[PDB]
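Before any questions on binding or motion, here is one chain by itself as structure tokens, the form deposited in one PDB entry.
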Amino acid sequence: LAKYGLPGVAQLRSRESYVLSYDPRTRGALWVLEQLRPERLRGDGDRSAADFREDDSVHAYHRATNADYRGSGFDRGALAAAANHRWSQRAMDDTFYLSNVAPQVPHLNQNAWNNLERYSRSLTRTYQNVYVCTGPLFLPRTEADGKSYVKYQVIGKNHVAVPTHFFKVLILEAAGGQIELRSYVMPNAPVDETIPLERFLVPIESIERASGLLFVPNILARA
């Protein structure tokens, strides 16, 4: 049966600063996983951000390019954020692979998603370890005919999918081995950043039901 190979299997990529799984249909990451180091800012300022680079490990049929973003009116939103990974130049450089990138409404990337990333880093003062899983959603909506539809834009030659929403799952270890899960969803839209961040909390089941994903699966019974 499988004598002519399998047409598609899971595309994990490990980089210096994150691991991701890649969806070649949407030309985007399914999820991106990272740890946030405490702050320390003093060995590891000082960092010289890179150009964005398409990912040669992805087949060119299925690979976002800088031309796909240029003139789209979306920014290149890095899912594993570059400011999480100033602890190493290679660590920071790897966040500028476009496989780490989704089309993001610039106001979201600039203001309220930025605030979410800075709050996530701040929890390293408070917890034994902080891990973060970031990814896209494509959430359906009801229309006038009573039916539900997924509708998302695609941009560029390569039809790079524009997510309707983004999730960020904070995986927070407090000191007992105890894992706390904090789950945020924002729309791919202008979002007022003075709205407190707890208003974008959603139950983790919601993200898991909609995204296809099952987070922290080694945790057989959650707290």
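Only residues modelled in both forms are compared. In this text, rigid core is short for the largest set of C-alphas that superpose within 1.5 Å between two forms. Don't overthink the numbering: it's just position in the shown sequence, from 1.
Name the higher of the two by mean Cα B-factor in the PDB entry, 77 to 85 versus 140 to 148.
Result: 140 to 148.
Out of 46 to 54 and 65 to 73, which stretch has the higher average CA B-factor listed in the record?
Averaging CA B-factors over each stretch, the winner is 46 to 54.
Going by the entry, which of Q153, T126, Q110, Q104 has the most elevated CA B factor?
Top of the list by C-alpha B-factor: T126.
Given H165, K168, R27, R37, identify the residue with the highest C-alpha B factor in the PDB entry.
Largest recorded C-alpha B-factor: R37.
Among the chain's modelled residues, which third holds the C-alpha B-factor of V202?
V202: CA B-factor falls in the lowest third of its chain.
Can you tell me whether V216 has a C-alpha B-factor in the lowest, middle or highest third compared with the other modelled residues of the same chain?
According to the entry, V216 has a C-alpha B-factor in the chain's lowest third.
Pull the Cα B-factor of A210 out of the PDB entry and bin it into the chain's lowest, middle or highest third.
For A210, the deposited C-alpha B-factor lands in the middle third.
Split into thirds by Cα B-factor across the chain's modelled residues, where does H59 land: lowest, middle or highest?
Bottom third by C-alpha B-factor.
Would you check the entry's CA temperature factor for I195 and let me know if it's in the chain's lowest, middle or highest third?
Answer is highest: the recorded C-alpha B-factor places it there.
FYI, the form deposited in another entry isn't displayed, but the following is about it.
Which of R70, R40, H59, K157 has its C-alpha displaced by 2 Å or more between the shown form and the other one after core superposition?
Result of the comparison: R40.
If I superpose the two forms on their rigid core, does the C-alpha of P217 end up displaced by 2 Å or more between the shown form and the other one?
Superposed on the core, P217 moves its C-alpha 2 Å or more between the shown form and the other one.
Mind checking the CA-CA distance of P217 and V19 in the other form? It differs by 3 Å or more from this form, so is it closer or farther?
Compared with the form shown here, the C-alpha atoms of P217 and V19 sit farther apart in the other form, by 3 Å or more.
Work out whether the Cα atoms of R42 and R86 come closer together or move farther apart in the other form than they are in this form, the change being 3 angstroms or more.
Pair moves closer in the other form.
Give the residue ranges, in sequence order, where three or more consecutive C-alphas each shift by 2 Å or more between the shown form and the other one after rigid core alignment.
These are the shifted runs between the shown form and the other one: 39 to 47, 144 to 146, 216 to 223.
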